[PDB]
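This document opens with one chain alone, in structure tokens, the form deposited in one PDB entry.
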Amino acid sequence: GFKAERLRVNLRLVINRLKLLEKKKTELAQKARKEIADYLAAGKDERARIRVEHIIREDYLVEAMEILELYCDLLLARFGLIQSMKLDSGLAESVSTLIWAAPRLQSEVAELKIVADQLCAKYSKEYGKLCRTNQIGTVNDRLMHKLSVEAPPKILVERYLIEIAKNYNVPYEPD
């Protein structure tokens, strides 16, 4: 049961929700950068080294919500193309990536579920699973990576620490 109005409404609600969360998480991460500055000055460098990984995860998550927002923007911008026919290859990445990211992020942005669901209804649930587990190969690599909750590289962490150190004028201790 594909409803074209249902899709646009929720695509819109998603943009609004992303905008909000991006702003929130950027604030939360900024206070966390300050908290780490306190550890680095203390310090407390093994604690800074462990905690700064949360900041790396938050920042990636913000960038991921941005990319999603872009994809909602580009879908709404070419919403005529959506319906119909019938999928345009120019919107392939946008549609696939949104179906992919939905299960992961519907924890915070609920409407993202409806967006993926409606996109499925328009292009079949066969297309649905080809995306959700990237078998179709159109889902954005950099976006998936930002949502890949694995371990951050040593140098990225170091880096985060030397930048916080420079910003807040605290001393930095190498590893």
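Start at 1 with the first residue shown and count on from there.
Colleague: Zero if continuous, otherwise a range: how many residues of the deposited sequence are missing coordinates between residue 86 and residue 87 (none, 1 to 3, 4 to 9, 10 or more)?
Modeller: The entry has 1 to 3 unmodelled residues between residue 86 and residue 87.
Colleague: 123 to 131 versus 30 to 38: which one carries the higher mean Cα B factor per the record?
Modeller: Stretch with the greater average CA B-factor: 123 to 131.
Colleague: Among 70, 62, 116, 56, which carries the highest Cα B-factor?
Modeller: In the PDB entry, the greatest C-alpha B-factor among 70, 62, 116, 56 is found at 116.
Colleague: Grab the CA temperature factor for residue 136 from the record and place it in the lowest, middle or highest third of its chain.
Modeller: For residue 136, the deposited C-alpha B-factor lands in the highest third.
Colleague: Of the three thirds of its chain by CA temperature factor, lowest, middle or highest, which one includes residue 144?
Modeller: It falls in the middle third of the chain.
Colleague: Quick one: classify residue 45 as lowest, middle or highest third of the chain based on its Cα B-factor.
Modeller: Residue 45: CA B-factor falls in the middle third of its chain.
Colleague: With respect to C-alpha B-factor, does residue 150 fall in the lowest, middle or highest third of the chain as deposited?
Modeller: Middle third of the chain for residue 150's C-alpha B-factor.
The form deposited in another entry exists for this protein as well; it is not shown, and the discussion that follows is about that form.
Colleague: Among 42, 46, 22, 125, pinpoint the one at the hinge where one rigid part of the chain turns on another between this form and the one not shown.
Modeller: Of 42, 46, 22, 125, the hinge residue is 22.
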